[PDB]
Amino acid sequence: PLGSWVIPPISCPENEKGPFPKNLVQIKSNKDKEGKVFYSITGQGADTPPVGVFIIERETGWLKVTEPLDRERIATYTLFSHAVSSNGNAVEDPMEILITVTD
């Protein structure tokens, strides 16, 4: 399942100040050496409620948070990153990603 994913651990302090959206980490697949890779995310906080708290820039793999977080409301988020070619074909197995909300 690792394949060619390159992903740093993701943590966001609660009550961050703007400007939003705030860059968290840049996700990458080393499959990008053989063709363009496009990134997406699914999961609670991404494509299901609360929708779009986290977003990813499909061409750069920049994962971003769109609003302040509150650790008491939601202390963690489980997302999945996806990497596809220009033709819609996955070049990686989806990677489960944990987002920890800190102080």
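Position 1 is the first residue in the sequence shown; the rest follow in order.
When the Cα B-factors of 55, 27, 69, 51 are read from the PDB record, 27 comes out highest. The entry lists a Cα temperature factor for residue 12 that places it in the middle third of the chain's modelled residues. Ranked by Cα temperature factor within the chain, residue 42 sits in the lowest third according to the deposited record. Per-chain ranking of the deposited C-alpha B factor places residue 87 in the highest third.
The entry lists a Cα temperature factor for residue 102 that places it in the highest third of the chain's modelled residues. In the deposited entry, the Cα temperature factor of residue 21 places it in the lowest third of its chain's modelled residues.
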